[PDB]
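What follows is one structure encoded as structure tokens, with my remarks underneath.
Letters are used for the chains, namely A, B, C, D and E, taken in the order the chains are written, and counting of residues starts over at 1 for each.
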């Protein structure tokens, strides 16, 4: 029962903390990179007009 | 005779007309004050002058005069143990003339002291066929470095009259009978900073360098003539490596160049260098160090010059046959100076705004270094080792500065913030860092001490690589189900990290590790993990062998502390770990 | 009588030419003395900007440029069956033999169809019949499998004045129509732009299930006559194996295989394996009822961009004969790589992951032209176009 | 003569273009006489042909073009320096705001300042006792040092700055600190609180201050910090004083330069900020240190609020590459009532090695210090494991550490904004936190220092 | 001759009063001091033409300088005597040997191969590497690149493949065309020293473009090599092996040219026409119908930040048949060559391996050792998550297989040529550890033939 409980909380943390923290992390990472390159090419069009 | 008139002033960018006689890359005296500048581009009779001084108070209508020559430096006696700005002007003499502790504007001073008297000892005799690079004599500028005066490039003839005496750098010491006519040679020669000094042939650097740092000299080595980059975030240890490398390099000369950094760094470097006495020589580290300083608050365009100035001084010394190590701290500020100019030139910016030719100028810089056969009949062997520090924003090595750098350098000393905050020093990321010289240095080191060093280094890297594999699969899962065998590797990697890689420069002992010490400590930790493997394969539990080896495992901790004479202390740990 | 313009400026793949008032936007042009592949992009006053899709080395100002006077179009008539083309309909089987070389030389222009070959026209309509766009006047047994039915081209309204059977080339008039705009002659060759689709009477719901012969498809995941199916193609999954069984066993009239952009050695596969398929009902090669599009990755970007737009125009042409046509796209992920390249050359605002913002509308333009439709004409025959496209994500 | 033109070309936002001019220098202070009598100062940003583009500090609000004039002064923006500045309140441009007598200037210095010769520089190894154990022991502050305090929106960054200037002194000496403060776009409530603390301390009279609040025009914020560093070095090297510099908020300063950077249509860099931000911040931070032969010194304690609490933001990132270390305030430590909420793991001081040791503070400071961080890092690493995998799952050795980091945050770091603990009481406290771990786990303290303490 | 210099902005300069100028046309600057510098046309207008000088514009006086237009682009003086000779990025001699009389002058651009004229690559190539010849087989006429990284030993592997490349029983020697693009002088010397010391230079033609050379010099370097490789294979009937490194420096040279023309980049700061640019070079290969010769291209590129979604390896994977991927984890453990076979694939390996090709057991042992590694690698990780107690008697063999396959199969050495016979037999020895019940992909007809 003690080893069952160690594994149980091991499993629980992964589903409720580690994996969700990553899933939300990946969302924010990919979000930033796209708008950054989206806004980066935007000024390059403005600089091309100079 | 032409007097240019300014038509535009936009920061350090000044445009002036009536320049049709001048050429590109020519030095100029801009404005009524006469600040130093340089032509970067030319449209019709208007020239865009990159000004190397502050442009406050300068408007259109002020005169501007060219010099006819590009940015050059005075290569002759009086450069050793002296510090100069980005244009190689002596900052100590700058203090004495203006009589002020603050930097001024519109003043030009020669680099070397042309009134100083030196003892030129003539080595060559009259009637010898000479060419560019041949040595006609020398002047002992310091105790160790024998400053040999050589024939400048473009002079090929026969020596007619030469003799020893006490002359200045300007005084003619020899008369060469060339086809053009009789030419008088001086101890000083000028050379353009944006033009590299030529050679006879480019050799391949396979003689490694003893830096004194354990993580450097074992896993990520740099050979005499290599190019190492040290990227990392702020507070990670980029400048500590440059200082400690210079203090404990076996090279014949050190060229420390401060580029866009903090002025307080230059102070302690100039003070500590004469104190670091070499016991085998009696002289100090200052007598082979040439300093170039252009701080962050100084004009931005001067950061370009400081980079090309130090690499030029290193080439004047590598032509003599002496190993030189040039320190570029930091390259990032130079890269910043380009982008800020490229924005004022309306040029097309690359990633993060950097100019597209950044990778070209970086490749043009590091390709000057390396093992080279200097020009001359003696075929003397010279070498320049480049140790650069990169400062990417937020520790992001995906910036173009670091990415273009790693495409031309061979050694990468990546600094990690997570280790620097944990007071791990030098904070070099073992998994992330690498060295293209690790294969050839392993072959050399295997021969010098006659031990299989290349494969026992591979075993240490494998242990550190296995930990990263374990640690990443074990961060989230946890180590409770770690097998007894796997747990030993964790305690092997912990010993490798805190005992060998973790070293502090401030403690006199950990600052330098000799080749005999780096082996003994490795021999203790590696034979431990190899013979304690045999202990765990004797049906032993994990908990035990550690508990009964805390006394051995502590002598392993202070293994760096053993003095060079008392090394037997380190090698004696191999038998007690077995017992 | 096209107005020849003179190049004034050449930069990268972009070429500027003036004296171009006669040309229309998005027309094709032969740029320079060499006559490379160039498409008009923008025009200001008499100066037109032209994106050049071939190499621009050796061309400069002063060299003339000839506009074709039309957008990217296709020759539609006898000869098109069992002949291989590229994205812009350049006959490779003709390039091979005529030029005596194995390369596609810059500026080498060859007509799409065979304008010299004789075809026996079998006149099925007689004189005096009121005709409109779509009505079949006669067919030519172009190939052993298919009966190429010649149709009245669009924009022609009148009475059949004189018709006669016999043997003609695709440039010879086979009929005369007394239109409202005067007497006009009709040939077996008709041109149509690949950008705009062929008009129809009424589009219908694809409710006719197709018999592909594969049990996993016809039972659980069936495609209808006029539907659309997207297929990922990871390496080793037998993507070409499933493709050959569909192009061979499906109850369709013509197969229009389209190579958008493919690896050279991967394309050679299709050039050798696709003719090796035998048609099950007669025993001849599958080429008899197929029109193959061949584009490697080093083809001009216009060929890779309009690769699927070319075949669907050929499919719509055969669809209007009442035939059921299956078009195959492999791979569409490389086709979008052509549109992604266009968005960069044209300096446009980027969409998601570099692809242009009009990617969803461009795919909408393609898959909305396929389906079970009622072709124009008095017969009101039902044609079908079924799209089987392949995707290959990164 | 009086150089004043009345041929305005265009007015766009904070920028302005005058044509048909001559003799206009770069970085030249100007004045704008409008059609109603108002005067607004400005500086020249670009001079080409007969044209001059200038930036108006107070903004161009209600300016008629045909009936206005531009008065060029022929000199850069200057500050009237004098010793009568002590205990005075000036605005963000330099005009006195405390309703007092006008200062009789002993000199007029360019606000841009001057670069100190590195050979003329003196390396700062002096020790400053700030009364805070997280600074005095962990990230030591020295006289003449560039040590900023990184904070965020709402964090008690204003409470920590008053605590330091209240308790700062040097060992074996009685010298006082001439504090120089500069408000940059902050709210009135922050400035008033700082004023009330300075009054309470009794050092208000010593301090010289420049005030730019939030309701003030943002364009002039570009010159306000240059006002202070010109007056700071004036009192240090020329008057022979030990000057301390504290500025907030530096975040609003960078925002002000981006407004002009955006108005000038320049080539942007990271997040629209100008590419020369590392250089522009360097013109301010490198105005600090000691000069050989002069009894003065300039110490800087900048304060900035990290946008989105992100250290990789260009403002706190470039600051770290210029300044010697930093002091980071985290919202997590302030969340737990830790006063001051100093996160000493990412913080660092780079001038301290020469400022500690025997004769300066304590012989064993360096060994304890090094031993502290390493054990705190692992104790915090273990606590972050206890809350995830459970208390019992943690190793017993690590569990002793888990309590090590708990007491090292509530007792060691948490000391209050009014506690001046001595350096002897700070280092003795540190050993008491190391006596928990067994002697075998203290590997970065030698036996000689372990035995004596 | 023109002495009309209007604008000079960095290494770029504009010359007015021009006519009949073409794009990428070679120019020649005559300076005021008599110095001669060359250039290429990056842009032409009716009244002016911009050119980039190779040596740069340092010290050039616009008023007293002159520029000569040659009227032809970068052409290669092709000849059969090029074998054994080493040039630079512009075809200039580098070894200081005898001069070569050109048989023809061909522009370096080349021509597009007709896709129906292209022939199927059928012949196997023995690279001497077990990880390649067995699991990612190269075929004569295939585009198979090598995805490496900054710091990975791609130079040692480039010197090994060209040294150990041979065709079975053909009785005709393989031709090697090596092209160093923007590499360092040290890496360039490593290649040149290895080809001369082993006698492979007697079979090779090397083009050497350094890193400090102009960006316009890096762009022509692959066009120089492929034009000569096109001539050796298609005009003479030779079998040619083309090797190029580093390919990334070629893309950066396009960026310096693209920004010089003020072109807005595309994805990730690269020019929009890159897909056409890379495919133009990568598709100048393969066997041709009616011709006995063949071109085999093996590009080598280092991925920025080891990213596969980067435009350089993303577009290369769309053009080339397969990819050979090296990993930093395998190199830091001592595996040489560090070639990971799991992400590596060969899109033409099916024709290369079989009876008559190599041996009947080539396809079966490939698929068997492929699944045995993925199962052995997951078993070793299961010993890290669940401990060694959860591993059964079969799992202990799978974990032992992967460990040996990493250290004994792939880890062979950068100077170890293994024949196809020695490669397959080693795979059987590593597969002999697992019981027969484990080996399911291999039929028992051939399993009872080679299994020891």
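Everything below uses one rule, namely that a contact is a pair of C-beta atoms (placed from the backbone, for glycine too) under 8 Å apart; a residue touches a chain by one contact, two chains touch by 3 or more.
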Smallest count of steps, each to a touching chain, taking chain C to chain D: 2
Chain E and chain D - chains in contact with each: A, B
Most widely separated chain from chain D, with each centre as the mean of CA atoms: C
Chain A-chain D separation of Cα centroids, rounded to whole Å: 34
Intercentroid distance (Cα basis), chain B paired with chain A, Å: 39
Computed distance of Cα centres, chain C from chain A, in Å: 44
Distance from the mean Cα position of chain E to that of chain C, given in whole angstrom: 36
Touching two or more other chains - residues of chain E: 258, 262-265, 267-269
Multi-chain contact sites of chain C, meaning residues that touch two or more partners: 347, 350, 353
Multi-partner residues of chain A (at least 2 other chains): 6, 10, 40-41, 44-45, 47-48, 50
Complete list of chain pairs which touch one another: A-B, A-C, A-D, A-E, B-D, B-E, C-E
Touch list for chain A against partner chain C, complex: 34, 38, 41-42, 45, 48
Complex interface listing, chain B residues touching chain A: 346, 348-349, 351, 476-478, 480
Of chain B, residues touching chain D in the complex: 7-11, 15, 54-61, 83, 91-92, 94-95, 101-103, 233-235, 260, 262-264, 266-268, 270-271, 293, 295-298, 300, 332-333, 336, 339-340, 342-343, 349, 352-353, 391, 393-396, 417, 420-423, 478, 480, 498, 504, 506, 550, 554, 557, 561
Chain A to chain E touching residues, read off their complex: 37, 40-41, 44-45, 48
For the chain D and chain B complex, residues of the former touching the latter: 22-28, 46-49, 75-76, 110, 112, 114-124, 144, 146, 237, 266-270, 275-276, 278-279, 282-283, 285-287, 289, 291, 293-294, 311-312, 314, 317-318, 320-322, 324-326, 345-346, 348, 350-351, 353-354, 366, 370, 373-374, 377, 389, 393, 440, 443, 446
